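J.: Just dropping this structure here.
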Amino acid sequence: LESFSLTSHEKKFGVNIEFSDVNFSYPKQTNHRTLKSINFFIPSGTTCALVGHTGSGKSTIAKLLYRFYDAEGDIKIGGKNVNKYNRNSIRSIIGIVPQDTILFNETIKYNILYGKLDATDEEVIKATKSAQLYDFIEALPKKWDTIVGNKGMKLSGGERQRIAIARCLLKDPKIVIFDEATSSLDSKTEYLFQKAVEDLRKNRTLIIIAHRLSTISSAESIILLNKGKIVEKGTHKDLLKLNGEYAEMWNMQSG
């Protein structure tokens with residue numbers, strides 16, 4: 001098995017992603033599939049939002065890109081089939097910012113550099129400034145050396161996810177998978193999000209798993225899943241005009 005390699009252009013600007021007639025069920029899910037005849041293509045260096053009710057199969061798409069499970073059908077990165085490569089060379093070009101990040105019981109700086117144990121203090125500062133985490137850390141009583149985790153200072157979900165964003169910028173992958181955990185209790189969370197997304201997206205292919213549709217409206221492509229099937233695809237304006245399920249959700253969430 002080969003090791004995945006990005007072209008020089010791909011390294012500079014990002015890589016495309018395609019799923020072709022992809023079908024999956026989890027090992028214990030012995031009656032039904034979580035994903036059904038999934039076809040989509042993400043152009044390199046663009047953003048793609050995956051939307052849909054819980055159950056739709058949104059997060060399973062990510063797990064298959066990161067090779068957590070094997071699917072039937074074809075997953076291709078940069079036109080190349082992932083089944084020709086060893087898993088670790090695929091994962092090295094993908095960064096996950098999950099809904100919920102578990103912290104090591106260690107300094108905040110240790111938790112960040114885990115993205116790339118190598119990083120210079122300078123790369124670490126830049127990552128933490130992009131993640132919107134620098135003023136939070138400068139204000140801490142031990143700053144960098146503050147012990148976090150479950151013995152240690154407790155961080156919100158928003159804050160832990162900013163560590164995850166920083167880990168990811170340090171990793172510097174060419175694919176970023178970002179499960180959004182903005183809160184409709186506080187509009188600063190979404191503004192922080194976008195500030196991060198702006199830096200995250202820079203010269204990368206970015207997939208956003210969205211639960212709140214407003215985080216996603218300027219995404220170059222939105223894919224709406226309904227029970228494992230992709231039922232609609234396009235940009236925000238087009239999906240509203242379609243007046244289908246994305247328009248229904250959008251209006252419920254808008255009130």
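Here Cβ is always computed from backbone atoms with ideal geometry, including for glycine, and neighbour counts include all displayed protein chains. Here, each number is a calculation from the coordinates, and none is a lab measurement.
J.: Out of (1) of a type in the set (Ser, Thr, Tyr); (2) farther than 27 Å from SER183 by Cβ; (3) crowded, with 16+ Cβ neighbours inside 10 Å; (4) more than 22 Å from the chain's Cα centre (by Cα), what's the single condition that is false for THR146?
T.: Failing condition for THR146: (2).
J.: Continuing with the same structure: Taking only segment 82-138 into account, find how many residues are part of a loop (DSSP other than H, G, I, E, B) and touching a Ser or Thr at 6+ places or on another chain (Cβ under 8 Å).
T.: 1
J.: Would you mind stating whether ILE94 is β-branched (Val, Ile, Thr) and either surrounded by fewer than 21 Cβ atoms within 10 Å (Cβ to Cβ) or over 15 Å from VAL176 (Cα atoms) (or both)?
T.: Judged against the criteria, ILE94 is not a match.
J.: Can I ask one more? Looking at segment 78-101 only, could you name the residues that are within 16 Å of the chain's Cα centre (by Cα) and either under 19 Å from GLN161 (Cα atoms) or not hydroxyl-bearing (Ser, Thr, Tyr) (or both)?
T.: The answer is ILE90, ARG91, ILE93, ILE94, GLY95, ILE96, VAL97, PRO98, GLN99, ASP100, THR101.
J.: Would you tally the residues in segment 44-64 being of a type outside the set (S, T, N, Q), surrounded by 15 or more Cβ atoms within 10 Å (Cβ to Cβ) and closer than 19 Å to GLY234 by Cα?
T.: Total satisfying the criteria: 9.
J.: Another question about this same structure. For segment 193-210, does any single residue satisfy the condition of being among the basic types (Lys, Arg) and surrounded by 17 or more Cβ atoms within 10 Å (Cβ to Cβ)?
T.: Yes, the conditions are met somewhere in segment 193-210.
J.: Out of the residues in segment 106-143 that are of a type in the set (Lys, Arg), surrounded by 14 or more Cβ atoms within 10 Å (Cβ to Cβ) and in contact with a helix residue (DSSP H, G or I) (Cβ under 7 Å, 6 or more places away or on another chain), which is nearest to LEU200 (Cα to Cα)?
T.: That would be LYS116.
J.: Can I ask one more? If a residue has to be over 22 Å from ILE93 (Cα atoms) and among the charged types (D, E, K, R) to count, how many in segment 196-215 make the cut?
T.: So the count comes out to 1.
J.: Is there a residue in segment 97-105 that is surrounded by fewer than 21 Cβ atoms within 10 Å (Cβ to Cβ), under 30 Å from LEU1 (Cα atoms) and of a type outside the set (S, T, N, Q)?
T.: Checked against the condition, which is being surrounded by fewer than 21 Cβ atoms within 10 Å (Cβ to Cβ), under 30 Å from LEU1 (Cα atoms) and of a type outside the set (S, T, N, Q), segment 97-105 yields at least one hit.
J.: In contact with a strand residue (DSSP E or B) (Cβ under 8 Å, 6 or more places away or on another chain), farther than 22 Å from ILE175 by Cβ and not charged (D, E, K, R): is that true of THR120 in this structure?
T.: Criteria not met by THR120.
J.: In addition: Report whether or not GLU220 is out of contact with any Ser or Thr (no Cβ under 7 Å at 6 or more places or on another chain) and either surrounded by 15 or more Cβ atoms within 10 Å (Cβ to Cβ) or at negative phi (or both).
T.: For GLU220, the condition - out of contact with any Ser or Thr (no Cβ under 7 Å at 6 or more places or on another chain) and either surrounded by 15 or more Cβ atoms within 10 Å (Cβ to Cβ) or at negative phi (or both) - is not met.
J.: Moving to a separate point now. Being buried (at least 17 other Cβ atoms within 10 Å of the Cβ), of a type in the set (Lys, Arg) and out of contact with any strand residue (DSSP E or B) (no Cβ under 7 Å at 6 or more places or on another chain) is true for just one of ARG87, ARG67. Which residue is that?
T.: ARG67
J.: Now a separate question. With the condition kept exactly as written, say whether any residue in segment 167-188 is touching a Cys at 6+ places or on another chain (Cβ under 7 Å) and buried (at least 18 other Cβ atoms within 10 Å of the Cβ).
T.: Within segment 167-188, one or more residues are touching a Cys at 6+ places or on another chain (Cβ under 7 Å) and buried (at least 18 other Cβ atoms within 10 Å of the Cβ).
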